[PDB]
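Chains as they are written, first to last, in PDB author numbering: chain CA, 53 to 253; chain Cp, 2 to 92; chain Ck, 1 to 70; chain Cl, 2 to 51; chain Cg, 1 to 113; chain CR, 103 to 153.
Using N, Cα and C, we set each Cβ at its ideal position, and we do this for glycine too.
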RNA sequence: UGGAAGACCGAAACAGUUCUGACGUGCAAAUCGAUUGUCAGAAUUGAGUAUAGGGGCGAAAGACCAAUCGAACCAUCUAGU
RNA sequence: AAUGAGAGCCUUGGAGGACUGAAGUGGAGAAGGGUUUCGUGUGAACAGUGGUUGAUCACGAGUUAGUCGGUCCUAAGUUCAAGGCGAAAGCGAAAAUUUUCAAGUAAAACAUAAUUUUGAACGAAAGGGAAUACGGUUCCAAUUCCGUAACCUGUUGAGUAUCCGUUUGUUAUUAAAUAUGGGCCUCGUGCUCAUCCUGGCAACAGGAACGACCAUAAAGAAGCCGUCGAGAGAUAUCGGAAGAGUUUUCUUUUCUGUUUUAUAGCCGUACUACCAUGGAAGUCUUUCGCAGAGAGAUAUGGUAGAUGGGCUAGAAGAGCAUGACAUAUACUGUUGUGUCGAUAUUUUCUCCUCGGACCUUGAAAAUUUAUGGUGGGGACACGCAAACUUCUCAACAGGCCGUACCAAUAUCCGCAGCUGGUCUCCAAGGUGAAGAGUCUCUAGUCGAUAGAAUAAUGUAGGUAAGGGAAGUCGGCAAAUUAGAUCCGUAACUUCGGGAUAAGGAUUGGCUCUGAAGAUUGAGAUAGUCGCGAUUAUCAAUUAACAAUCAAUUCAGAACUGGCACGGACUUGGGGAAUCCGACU
RNA sequence: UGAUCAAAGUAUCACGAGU
RNA sequence: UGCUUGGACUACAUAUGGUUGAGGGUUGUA
């Protein structure tokens with residue numbers, strides 16, 4: 053239920069004389085047996101993890117911490133990557149572009165693995181059978197093949213109902229409309245075909 | 002016999018699931034199951050174990066890769082880019 | 001009676017043991033076998049010769065009880 | 002069941018004792034209401050059930 | 001026909017710990033006995049290529065067995081893969097050897113500054 | 103293939119020839135038992151004439 | 001040669017298409033016959049186990065939740081009016 | 001036939017028609033039942049009928065385990081001690097915070113000194129899993145009683161490198177000497193070294209030959225389908241110890257009978273993996289299926305799992321099977337014989353080596369072991385030794401709870417001995433593609449209240465000239481069609497299908513013939529001893545070389561019958577359009 | 001693609017006991 | 001010691017007494 057494979061990477065524990073193995077998120081070009089070096093004083097090599105001050109801008113990173121020591125919140129799933137866009141010298145921040153095209157500013161102490169997370173493009177295969185859609189879901193959780201609430205009855209959904217055939221009100225519903233009126237297009241700024249040049253400025 | 006000119010591998014899916022979808026399948030199911038050159042053994046003995054993981058039958062060096070392809074198009078560019086920035090920072 | 005003793009000399013060593021209160025002797029027209037009960041291996045020597053079998057009956061130590069299955 | 006837990010076996014065992022027809026000399030007592038053992042549990046008439 | 005077969009165990013089901021091999025029992029009665037899963041060879045586990053000289057037993061039968069049967073006498077009897085043990089002596093040797101070459105080069109460079 | 107196997111030890115045909123023949127076991131042209139040796143002997147014979 | 005597929009014919013299996021058949025104070029508070037769908041997988045299912053009432057669950061019929069569901073059952077308010 | 005008051009069933013033999021038809025109405029178990037099991041007595045009530053008999057009614061008996069389950073363990077998941085919150089209870093709560101709530105030492109000096117953060121537990125009689133077999137025995141019980149033989153765990157005793165440098169013995173040789181070293185002194189038993197195993201190049205071999213302690217790995221540990229390799233039991237079939245049956249005729253025929261345990265020792269393949277030799281090109285080796293080879297193939301020589309089988313111990317001319325003898329006989333004793341092949345089918349399973357499929361990639365925990373490392377102790381050679389020894393044998397102990405039978409048209413749940421529902425294990429012959437249907441054998445039934453009539457009307461099953469859907473809401477019901485092999489095969493199409501399109505041919509029996517496999521052997525010559533025996537040589541021979549053994553497949557040809565030929569059974573009517581949802 | 005625990009070292013004092 | 005049987009004990013919250021403790025809370029002797 054994670055499309056991206058993980059690496060079991062085993063280290064010395066510098067505190068007790070024992071091997072402690074931790075699960076990192078496997079970047080492409082991470083072959084078993086490559087030495088990975090996790091550090092401030094690290095060479096920029098795939099999959100070394102380095103605090104973001106150390107990597108020159110336009111380096112791509114995976115597994116990036118939003119707060120230093122929060123163990124790598126971002127870019128965990130297949131082919132997503134953040135790019136270091138540069139730095140704000142005052143209050144030691146490295147600014148990144150998130151895989152949403154959203155740009156966010158993060159402290160430079162934040163560690164990130166130089167990488168593009170393996171089995172990407174997981175998306176490319178269309179499917180063909182809904183047996184495989186079932187098989188995907190039964191690993192993950194009970195994400196039901198989505199029964200249309202129109203098809204139902206008005207007790208069951210506010211959208212179902214009908215001699216004829218409707219939602220009957222804009223499926224576009226407020227943020228403030230309070231649960232369970234959030235059947236649909238929850239605060240749609242614009243609805244109807246996205247025309248054009250998508251990518252944030 | 003070249004039994005089927007058009008379908009090749011997508012003849013498993015036969016009549017079901019519309020021709021345009023079946024053309025897309027043909028490329029991907031060729032790239033997966035295909036023996037790739039292992040950079041670490043120089044032998045073409047690398048086959049797809051599972052979705053993102055390619056194990057070389059000999060040397061047993063198991064490499065992380067793209068889901069259908071050992072090297073995804075993004076990756077090649079990715080790896081060259083980081084490498085080039087590495088040179089300028091050092092000297 | 002799980003353990004086989006092919007060799008006469010070893011069977012006799014087991015005859016003078018702290019254990020082996022009981023022996024069974026059977027003279028069979030198929031195969032004449034000398035059985036010694038130590039409770040969990042009972043050991044058996046099969047003397048195939050039959051001439052050797054008549055003489056091997058004593059060398060059995062006398063303090064040991066023998067069942068003379070005819 | 003078929004191999005009954007010990008607690009069950011004790012309860013059933015007591016129940017087997019109950020299934021006996023009253024000694025007929027007890028029926029002859031002065032102000033003896035007891036004609037019969039009448040709580041005779043015959044297994045396919047009255048279970049124990051539930 | 002001949003002689004049909006009865007479950008000695010109350011575990012009726014074809015479940016993994018219930019497998020039955022057919023045995024001509026001496027009275028000719030032909031009755032089933034219950035067979036334990038055939039033990040899978042302990043693996044050489046850095047490349048899982050099945051340990052020579054090391055007995056396959058259901059794990060809790062390796063203290064009901066002699067200590068010598070579980071063992072190949074040299075360093076990394078079970079743990080490492082024989083062929084892979086030549087590799088792993090070599091690997092360690094080289095990492096250590098060429099580090100000394102690096103260390104000697106740095107020492108000389110410091111003096112000669 | 104087993105016919106070729108026996109022949110390999112005796113030594114009648116060269117290893118080279120056996121390979122070509124072994125690949126022709128698979129892929130029909132040696133249809134019966136009877137076809138295979140008639141071909142072997144013709145191959146041998148054609149080589150004897152050239153030699 | 002090989003042996004893929006929520007493939008097809010059809011058993012075990014599951015379901016219940018049509019006869020608007022038998023039965024319909026029956027064997028049965030849903031059975032029986034004929035006929036028939038499907039049967040290697042979004043299959044069939046047991047045990048353990050979770051979800052409980054204006055709630056759940058629902059491949060969604062307002063269906064089902066112990067012969068009971070357009071809001072279970074049980075007691076009480078309640079000999080309610 | 002027997003018995004009784006009465007007997008179609010139910011009481012029952014013998015007999016006789018059949019039934020289910022080994023995917024069971026059989027033989028076991030779980031879930032369930034709760035005395036229902038079984039003997040005896042046996043009447044009324046009950047068995048919608050009778051009923052002497054029963055799952056009834058009355059009276060007794062019966063379910064014995066260290067090794068099978070429960071137990072133990074964890075899973076999904078749960079019970080709950082918290083800081084809290086609640087009206088409290090409790091939390092349709094997993095809250096989980098709680099000095100060190102934590103696990104801890106065969107450890108001592110200076111915060112003793114290392115590490116280590118929900119305590120706790122329950123939760124599967126199908127998951128995981130300490131360890132039992134065979135025969136006999138009850139009315140009713142057995143992997144359980146008994147007999148006999150094992151196996152595990154805990155614990156307890158003995159043994160398991162060592163006898164040397166040296167030497168008693170021997171003038172020496174030599175031997176005890178597992179293997180001892182070096183030097184001195186005329187010499188020495190004088191100085192004196194070791195001894196927590198050995199061998200193999202390796203793959204790795206073995207009976208033991210430092211658990212104190214750390215880390216690390218493996219086992220436990222896992223879907224589905226397909227095929228291969230190998231086995232067990234069933235099956236097919238021949239001979240030969242036996243019996244039975246048929247025997248008008250024919251039949252060495254038909255049926256049946258020929259068995260081998262846990263456990264241990266040795267052997268140990270197909271397969272695979274690995275090692276040594278060696279260096280392949282002219283691609284080789286090779287699978288059914290294409291996997292490997294300068295990451296070392298082929299080949300040659302080995303090694304290893306004990307995978308599967310063999311032979312022995314087990315096994316008292318055992319036990320047990322078969323046919324006889326003794327005693328009317330029982331009980332019991334005695335007499336032989338228990339054996340030789342062939343095959344792949346699996347109307348079955350197990351196990352090995354593999355692969356297909358996947359936006360599925362196919363448990364966890366207890367538990368067990370392995371290896372590296374750091375202590376220490378044992379560190380005398382006249383050699384004593386020892387060794388949680390995760391050794392080899394023997395001693396003792398192993399508690400707690402369950403165990404009958406039923407598992408279904410009569411022991412379950414439905415008011416019921418109710419055509420209902422209710423999970424699985426077990427696998428005979430023939431036909432055949434089938435674990436199909438059908439018949440049969442074994443096992444189990446023959447109870448479904450019956451007899452006589454066998455009306456109508458039914459129900460359930462069929463047939464019907466000639467016409468052939470005119471019927472009807474509507475081809476509904478019914479029929480045609482069906483398997484196989486061969487020939488032929490459209491519209492349309494997403495090129496995969498449509499397709500078994502349509503449309504045609506043919507199918508028995510008997511008698512021949514061909515094709516399709518396995519294995520060694522011949523042939524020719526020479527020497528020796530009396531065609532026989534012993535020894536030596538060589539490649540061709542080679543498509544069945546020939547010979548023999550195997551076991552059926554696919555094809556072709558006659559003869560032949562009254563069109564009889566998928567003869568039972570199995571088993572699509574077809575085509576042309578339209579509406580609708582893509583599809584399962 | 002591999003292993004790290006037992007502070008060795010160095011320095012200063014203790015430099016006691018037994019023979 | 002081993003093996004085996006019987007009795008009595010071993011919940012939690014909490015007060016007090018008991019003694020061990022403890023914190024760069026904080027005081028003092030040095």
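Inter-residue spacing [alpha-carbon to alpha-carbon] between residue i and residue j
| i | j | result |
| --- | --- | --- |
| residue 132/CA | residue 151/CA | 6 Å |
| residue 231/CA | residue 238/CA | 11 Å |
| residue 164/CA | residue 112/CA | 9 Å |
| residue 87/CA | residue 99/CA | 9 Å |
| residue 216/CA | residue 17/Cp | 31 Å |
| residue 155/CA | residue 147/CA | 7 Å |
| residue 95/CA | residue 90/Cp | 10 Å |
| residue 22/Cp | residue 195/CA | 25 Å |
| residue 245/CA | residue 30/Cp | 32 Å |
| residue 11/Cg | residue 18/Cg | 7 Å |
| residue 210/CA | residue 124/CA | 41 Å |
| residue 103/Cg | residue 90/Cg | 20 Å |
| residue 117/CR | residue 104/CR | 14 Å |
Contact set between residue i and chain CA, taken where Cβ atoms lie within less than 9 Å
| i | result |
| --- | --- |
| residue 25/Cp | 176, 177, 178 |
| residue 47/Cp | The premise fails here: residue 47/Cp is roughly 11 Å from chain CA at the closest Cβ pair, so nothing lies under 9 Å. |
Any non-hydrogen atom of the ligand MG closer than 7 Å to residue i Cβ
| i | result |
| --- | --- |
| residue 221/CA | As far as ligands go, the structure on display features none, and thus does not contain the ligand MG. |
Within chain Cp, the residues that residue i reaches when beta carbons sit closer than 8 Å
| i | result |
| --- | --- |
| residue 82/CA | 64, 65 |
| residue 57/CA | 51, 52, 53, 54, 65 |
Interface partners of residue i on chain CA, CB under 7 Å
| i | result |
| --- | --- |
| residue 90/Cp | 108 |
| residue 87/Cp | 96 |
Those residues which DSSP pairs with residue i across a bridge
| i | result |
| --- | --- |
| residue 116/CA | 126/CA |
| residue 68/Ck | 25/Ck |
| residue 74/CA | 61/CA |
| residue 64/Cp | 83/CA, 55/Cp |
| residue 138/CA | 147/CA |
| residue 4/Ck | 44/Ck |
| residue 41/Cl | BP columns for residue 41/Cl are empty, so no partner. |
| residue 34/Ck | 25/Ck, 45/Ck |
Nearest-angstrom beta carbon gap, residue j and residue i [assumed within contact, 8 Å]
| i | j | result |
| --- | --- | --- |
| residue 166/CA | residue 64/Cp | The pair is not a contact, with the Cβ atoms about 17 Å apart (cut-off 8 Å). |
| residue 42/Cl | residue 16/Cl | 6 Å |
| residue 62/Cp | residue 62/CA | Wrong, their Cβ atoms sit about 17 Å apart, outside the cutoff. |
| residue 251/CA | residue 153/CA | 6 Å |
Partners in chain Cp for residue i, counting only beta-carbon separations shorter than 7 Å
| i | result |
| --- | --- |
| residue 111/CA | 83, 86 |
| residue 232/CA | Neighbours of residue 232/CA on chain Cp: none; closest Cβ ~36 Å, over 7 Å. |
Per-residue contacts from residue i into chain Cp (C-beta, under 9 Å)
| i | result |
| --- | --- |
| residue 78/CA | 53, 54, 65 |
Positions along the region 115–140 of chain CA whose CB lies within less than 9 Å of some CB in chain Cp: 130, 131, 133
Members of the region 74–85 of chain Cp near chain CA, C-beta cut-off 7 Å: 75, 76, 79, 80, 82, 83
Residues in the region 2–20 of chain Cp having any Cβ partner in chain CA nearer than 8 Å: 14, 17, 18
Contacting positions in the region 146–180 of chain CA - beta carbon closer than 7 Å to chain Cp: 166, 168, 170, 171, 172, 173, 174, 176, 177, 178, 180
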